[PDB]
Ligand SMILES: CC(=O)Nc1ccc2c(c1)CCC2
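Single chain ahead, by itself, as C-alpha cells, in the form deposited without the ligand.
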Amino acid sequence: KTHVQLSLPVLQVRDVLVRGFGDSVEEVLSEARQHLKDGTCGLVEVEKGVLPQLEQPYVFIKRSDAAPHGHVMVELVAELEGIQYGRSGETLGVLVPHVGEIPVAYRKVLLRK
C-alpha cells in the first residue's frame, strides 16, 4: 500500500530518551520509515524551545492534504542546519524513536510510505 494508517504516541520532549534517528538526512529518513513500520516511532509537538532539545537532522511529519477515517495524510521532511529535504504542508510534529516513554496523546495519521 502507498499509505498506512498509524496511531503515533505523542511524547513530552523532556521524556524522550533517544532524541533523533541518526547522523545524516538520508539515515534519519530511513530510520524514521523503519520505526514507523515497526510501531516504534513517537511524535513530539513542536513549540518554542522543543527543537533545540532534540538532535539534528530532524524528521518532521507534515500535512500532505486538506483525513480518511480521522487520519491526517502526512509525509516526511528532514532538516539539517536550516535546509529541508522535501516540500510539504504544516508540521504536525518531529518524529523520534519510541522506547517505552508514556505518551500524553495519540496522533492518527495516514503516512505516504
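Residue indices: 1-based, along the sequence shown.
The following text describes the form deposited with the ligand bound, which does not appear among the structures shown.
Asker: Hey, in the deposited complex, is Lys113 touching the ligand, heavy atoms inside 4.5 Å?
Answerer: So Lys113 counts as contacting the ligand.
Asker: Can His71 be called a contact residue for the ligand in the deposited complex at 4.5 Å between heavy atoms?
Answerer: Output for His71 is no: heavy atoms all beyond 4.5 Å of the ligand.
Asker: Does at least one non-hydrogen atom of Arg33 fall within 4.5 angstroms of the ligand in the deposited complex?
Answerer: Yes, contact at 4.5 Å.
Asker: Even though the chain is shown alone, can you say which residues of 1-24 have a heavy atom within 4.5 Å of the ligand in the deposited complex?
Answerer: Sequence-ordered list: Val4, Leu6.
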